[PDB]
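Secondary and tertiary structure notes
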2 protein chains.
Amino acid sequence: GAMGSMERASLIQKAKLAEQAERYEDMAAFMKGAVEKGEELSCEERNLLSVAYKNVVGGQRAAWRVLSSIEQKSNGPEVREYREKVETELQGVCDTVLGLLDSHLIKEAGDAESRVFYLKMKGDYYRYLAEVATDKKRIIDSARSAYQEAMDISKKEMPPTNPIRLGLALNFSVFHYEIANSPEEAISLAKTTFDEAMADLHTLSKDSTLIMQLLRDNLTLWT
Amino acid sequence: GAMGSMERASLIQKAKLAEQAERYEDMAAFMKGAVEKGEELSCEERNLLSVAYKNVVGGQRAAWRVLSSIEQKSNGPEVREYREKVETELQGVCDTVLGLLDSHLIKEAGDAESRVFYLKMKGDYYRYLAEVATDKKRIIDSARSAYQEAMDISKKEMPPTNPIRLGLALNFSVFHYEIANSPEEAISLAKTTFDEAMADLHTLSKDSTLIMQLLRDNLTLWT
Ligand SMILES: C=CC(C)(C)OC[C@H]1O[C@H](O[C@@H]2C3=C([C@H](C)COC(C)=O)C[C@H](O)[C@]3(C)/C=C3/[C@@H](COC)CC[C@H]3[C@@H](C)[C@H]2O)[C@H](O)[C@@H](OC(C)=O)[C@@H]1O
Ligand SMILES: C=CC(C)(C)OC[C@H]1O[C@H](O[C@@H]2C3=C([C@H](C)COC(C)=O)C[C@H](O)[C@]3(C)/C=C3/[C@@H](COC)CC[C@H]3[C@@H](C)[C@H]2O)[C@H](O)[C@@H](OC(C)=O)[C@@H]1O
Ligand SMILES: [Cl-]
Ligand SMILES: [Cl-]
Ligand SMILES: [Mg+2]
Ligand SMILES: [Mg+2]
């Protein structure tokens, strides 16, 4: 791999530089290189991995949605071709992330924080695949199964206010609403999650109110 | 070239789609392909070419400035290496643009609008090269010579309110201030340009007040 000759610590350092420079493709490539060193990731390093790929795929998703909307309105080959080009690139990034998860990260992750984090990522990237799929049913099932395993662990091992637990619940509720055609399940999940977190605030000394607000924002739109 | 098999009209269409999707690297590659068909560009097509590359290089410039600022504050090899990586990529894009200008576009451009447009672009991309150069003097001279030839044509052939003329003057004034160490020349140019445009408004039936405002913004900062 192109990063094989660079020290792990140097890859991490350069990922952090790339983050400051808003060079997310570079950031992702540095973090992929780091993963491929074969050592587990720390909490901070997992965050760098996630943010990098979330920004790469986010730009591809936004572009895909622009092109798909133009395509749907049109209904020559150019709009479909270019939509397909963006779609293939998006799929490739999702496949790269899922490959890192499968080959390197999920099987070695024993602590609840890391395991839930990676299983959430797996659900997220299957979700992104599902947004463009038409096939679709198997991808949807793969996202659901990853999210559900993460949920089971998070409920057993993490407090209701843990930010990973909260972000997982937020994303799984969006999966229910937008992907799985299950708005009632989405609403139930978001509401139970929010209420249980409210009741656990008392034990605490920013990430989690942020996410709680996002749950409330979705609930406001959905109800 | 990778676009050699695609119709010219399809490349133009896909550049416009890429613009809507904020996919500027794709937009640039489509417009490079179009240029390499060997036909002159229309006014609209020149704008697509410019916007595409301006956005690509703009992201590289912003990242370079972040990394250079970190490097300067530091004064291991990682910050310099990664700054150099971004710098080389930026230089490559500038070289690509300058190559299109030289090989295809400037020699065939006979009308004042197209000639000034392309010579302005040439000055711009030498300017971007000059921002990272340390060498530097020859690049600065190449930018100056391109801008000056464009200026001579624009003053002879275009009215003072023409947006290309205005944008050229704006950029050449920034070259004087930021690159060439000539703030008095920058101020003189911006002020003469603004005043002469004010006096020609009367002949007119958005692009040019925008640029006039940018001239005034710079003058406010400089004086
Ligand atoms: C190194 C800096 C970067 C990568 C920008 O850090 C991103 C952020 O990284 C941490 O925050 C995580 C985190 C985010 C927070 C919700 C951001 O919070 C604020 C207040 O900005 C959003 C990010 O995408 C990130 C890394 C991702 C997840 C998500 C990962 O799923 C696989 C699950 C929820 C959330 C968790 C892991 C957050 O803890 C930190 O706790 C945040 O800082 C604090 C304490 O507020 C920091 O902004
Ligand atoms: C196809 C749409 C895109 C590519 C977004 O169009 C970009 C823009 O293209 C035209 O505007 C040009 C133009 C710009 C205008 C100043 C933008 O005006 C407004 C009101 O947004 C900025 C662009 O970068 C562009 C193409 C570039 C130049 C610059 C090129 O140097 C080599 C010299 C000055 C300026 C000229 C060419 C402008 O005429 C149009 O006249 C603008 O629309 C009008 C009439 O207001 C449109 O937003
Ligand atoms: Cl295409
Ligand atoms: Cl590097
Ligand atoms: Mg625990
Ligand atoms: Mg004329």
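Conventions and cut-offs
- All residue numbers refer to a per-chain count from 1 along the written sequence rather than necessarily to the numbering of the entry. Residues that lack coordinates are not shown.
- In the order they appear in the text, chains get letters beginning with A and ligands get numbers beginning with 1.
- Working from all heavy atoms in the structure, the side-chain values ignore hydrogens and water.
- Labels follow the DSSP assignment, with helices taken as runs of H or I lasting at least four residues and strands as runs of E lasting at least two, numbered in each case from the N terminus.
- To estimate how far a helix should reach, multiply one less than its number of residues by 1.5 Å.
- Only heavy atoms matter for contacts: two residues are in contact if any of them lie within 4.5 Å across the pair.
- We call a residue near a given molecule or strand whenever any one of its heavy atoms falls within 4 Å of it.
- For the purposes of these results, a polar contact is taken to be a pair of N or O atoms within 3.5 Å, where, inside protein, one atom must be able to donate a hydrogen and its partner to accept one; residues adjacent in sequence count only when each atom of the pair is a side-chain atom.
- A 1.4 Å probe and the Shrake-Rupley method give the accessible areas. Residues count as covered only by the protein chains that appear here.
- Residue type decides the class: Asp, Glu, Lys and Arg count as charged, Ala, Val, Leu, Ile, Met, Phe, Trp, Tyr, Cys and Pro as nonpolar, and the leftover types, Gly among them, as polar.

The deposited coordinates, according to the entry record, derive from X-ray crystallography at 1.2000 Å resolution.

Named according to the PDB entry, chain A is 14-3-3 protein sigma originating from Homo sapiens. The title assigned to this entry in its PDB record is "Crystal structure of 14-3-3sigma and a p53 C-terminal 12-mer synthetic phosphopeptide stabilized by Fusicoccin-A".

Taking 1.5 Å as the rise per residue, helix 9 (residues 207-222) of chain A with 16 residues should run 22 Å; its terminal C-alpha atoms sit 23 Å apart, in good agreement. Elements in contact with the buried residues of helix 9 of chain A: helix 7 (163-179) and helix 8 (183-198) of chain A.

Now for the site of ligand 2. Residues and elements named next belong to chain B. Around ligand 2 sit 13 residues in total, of which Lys 120, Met 121, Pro 163, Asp 207 and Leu 210 are the nearest. One of the side-chain nitrogen or oxygen atoms of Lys 120 is found 2.8 Å away from an oxygen atom of ligand 2. Between ligand 2 and the protein, one listed contact pairs an oxygen atom with a side-chain N or O atom of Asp 207 at 2.7 Å. Against a free-state accessible area of 860 Å², the protein chains account for coverage of 64% of ligand 2. At the level of elements, helix 3 (43-74), helix 5 (112-132), helix 7 (163-179) and helix 9 (207-222) are the ones that each hand at least two residues to the shell around ligand 2. Its residues assigned to classes, the shell around ligand 2 comprises seven nonpolar, two polar and four charged.

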